[PDB]
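A single chain comes next, written as structure tokens; it is the form deposited in one PDB entry.
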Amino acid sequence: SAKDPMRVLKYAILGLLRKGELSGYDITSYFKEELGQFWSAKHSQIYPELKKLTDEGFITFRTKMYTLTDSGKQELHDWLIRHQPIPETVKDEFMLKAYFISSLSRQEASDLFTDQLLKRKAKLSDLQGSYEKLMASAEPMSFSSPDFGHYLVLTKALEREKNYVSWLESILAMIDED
């Protein structure tokens, strides 16, 4: 039997509650801000999933402020420590174009890759802004910082985008070979 796509939000919700109670507004806000950037939700799915997790006994609410139950804390813990295989490569449509580059002239290839580069540099600039905002905190960064998780997400994103930009630069130099 088919499963509900909204179940993808489960660990994102349980994890959001790991440090204490949040309102539904607080949860939705985390999705619309930091989490939505790497773990997006369809706004329509968040409350339905919250309800499922409540009904399953993973979360409780009072007056609503939601919190993890002992069961929910265990559910989050077991997922965190589980070793999964690494997932299959995510489809990158630009890379499919790159695979078929023989269908483009040198100039068309240069134009395609230049467009991709400018866009990714602009995205990098945005990530750099988010990273500077986080690092504007007083507490220096370390494993023990309450913001370490957020630091992990942002540094991962920054390194990914920097690496993409560097690869594009290298390919543009090949397209523009001496």
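Sequential numbering from 1, following the sequence displayed. Note that the rigid core is defined as the largest set of C-alphas that superpose within 1.5 Å between two forms.
State whether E34, though modelled here, is left unmodelled in a third or more of the other entries compared. It is not, since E34 is included in all of the other entries that model both flanking stretches.
Tell me whether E49 is absent from the model in at least one third of the other entries compared, counting only those where the residues either side are present. It is not, since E49 is included in all of the other entries that model both flanking stretches.
Compare the mean C-alpha B-factor of 98-106 with that of 75-83 as given in the PDB entry, and name the stretch with the higher value. Comparing 98-106 with 75-83, the higher mean C-alpha B-factor belongs to 75-83.
Could you check which stretch, 144-152 or 31-39, carries the larger mean CA temperature factor in the entry? The deposited B-factors put 31-39 ahead on the C-alpha mean.
Deposited CA B-factor, highest of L53, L118, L112, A138: Within the set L53, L118, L112, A138, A138 shows the top C-alpha B-factor.
Checking the record values for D70, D26, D126, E49, which has the greatest CA B factor? Of the candidates given, the C-alpha B-factor peaks at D26.
Place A12 in the lowest, middle or highest third of its chain's C-alpha B-factors, as listed in the PDB entry. For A12, the deposited C-alpha B-factor lands in the middle third.
Beyond the structure shown, there is the form deposited in another entry, which is absent from this document and is the topic of what follows.
Core-aligned C-alpha movement of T155 between this form and the one not shown reaching 2 Å: Moves: no, less than 2 Å.
Quick one: once the rigid core is lined up, does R82 have its C-alpha move by 2 Å or more between this form and the one not shown? No, the C-alpha position differs by under 2 Å between this form and the one not shown.
Taking the rigid core as the reference frame, is the Cα of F58 displaced by 2 Å or more between this form and the one not shown? Moves: no, less than 2 Å.
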